[PDB]
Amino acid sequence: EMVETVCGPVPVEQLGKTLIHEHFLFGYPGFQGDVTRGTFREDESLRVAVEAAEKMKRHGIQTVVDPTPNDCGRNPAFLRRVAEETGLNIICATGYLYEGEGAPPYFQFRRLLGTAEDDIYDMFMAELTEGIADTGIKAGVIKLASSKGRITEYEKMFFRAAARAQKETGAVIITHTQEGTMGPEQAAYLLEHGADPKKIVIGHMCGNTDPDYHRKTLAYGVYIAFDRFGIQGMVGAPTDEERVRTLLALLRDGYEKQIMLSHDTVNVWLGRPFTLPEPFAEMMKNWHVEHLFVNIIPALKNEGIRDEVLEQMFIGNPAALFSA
């Protein structure tokens, strides 16, 4: 009946309207080494993060799941500061990013020692049931990630440890898929290791534009996330128009009880500030926390998507996800 937030245990029935995948703070592994020229502005970062939290509250959002990985500058105490100020429910994660964009050398070394999987399991259990560092904050979700075209041996260690921790705690698993690949394989690998499909969210599914690929993943009984609305412009990556077109094809087939939507925003970047190039910046202009409510939902309503369907995705599914 309860889920661990950055402000302690909160009743699952009181979560309400939820964004399943947003980042208040995020940095690419290695940002720590650029501290001299990319200093952390704590007061300014809080101001921007609270501003983003207030923007979501104006659209009826009461809960945000922040799946910032452990190796990507996850800061539970900072998230608590945002939540204590706004009253917004924030659920943080425990886990690492995939091999290509994470920081693997540490657990790759423990893999050589032959304790890595047990060490990761131990980390998951400690952060889910005891607390993260000395913050007293317990993670409410386990974050997993896989590479493009394959789930690597490094990544599989985390997948097996998450499945073990999932059986012991009943925690929710949120995943990262790279470039619309490994969706069905993630679900398959987790289930055969004992994980509950009703507690798994396969993320970044909007990265694939083939409805058959989605149906194959949805066949496992898992949740899928169209969580990257706003991110477009890359040569291989899909557009928001292609995302909606894929979403409408699944809502026609009646998969609403298994679909959730988000933006995957990075509200405050860790490390040195940057500016996107002229063509890319224009294509990424819609990448903000209000995009779904201002642009996407009205476009869905014009296609004939009912309010009950939208409320099932934003309110119903998160409530069913965190419930035992």
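Numbers follow the displayed sequence, beginning with 1.
> According to the deposited model, is the average Cα temperature factor higher in 135 to 143 or in 81 to 89?
Per the PDB entry, the higher value belongs to 81 to 89.
> Determine, for stretches 103 to 111 and 244 to 252, which one has the higher mean CA B-factor as deposited.
Per the PDB entry, the higher value belongs to 244 to 252.
> So if I compare the CA B-factors in the entry for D66, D34, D264, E51, which one is the largest?
That would be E51.
> Which of these has the highest Cα B-factor in the record: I151, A225, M125, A237?
That would be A237, according to the entry.
> What third of its chain, lowest, middle or highest, does the C-alpha temperature factor of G233 fall into?
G233: CA B-factor falls in the highest third of its chain.
> Using the B-factor values recorded in the entry, state whether the Cα atom of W287 falls in the lowest, middle or highest third among the modelled residues of its chain.
Highest third of the chain for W287's C-alpha B-factor.
> What third of the chain, by the recorded C-alpha B-factor, contains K17?
It falls in the middle third of the chain.
> How does the C-alpha B factor of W269 compare with the rest of the chain: lowest, middle or highest third?
For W269, the deposited C-alpha B-factor lands in the lowest third.
> C-alpha B factor of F280, ranked within the chain: lowest, middle or highest third?
Tercile = highest for this residue's CA B-factor.
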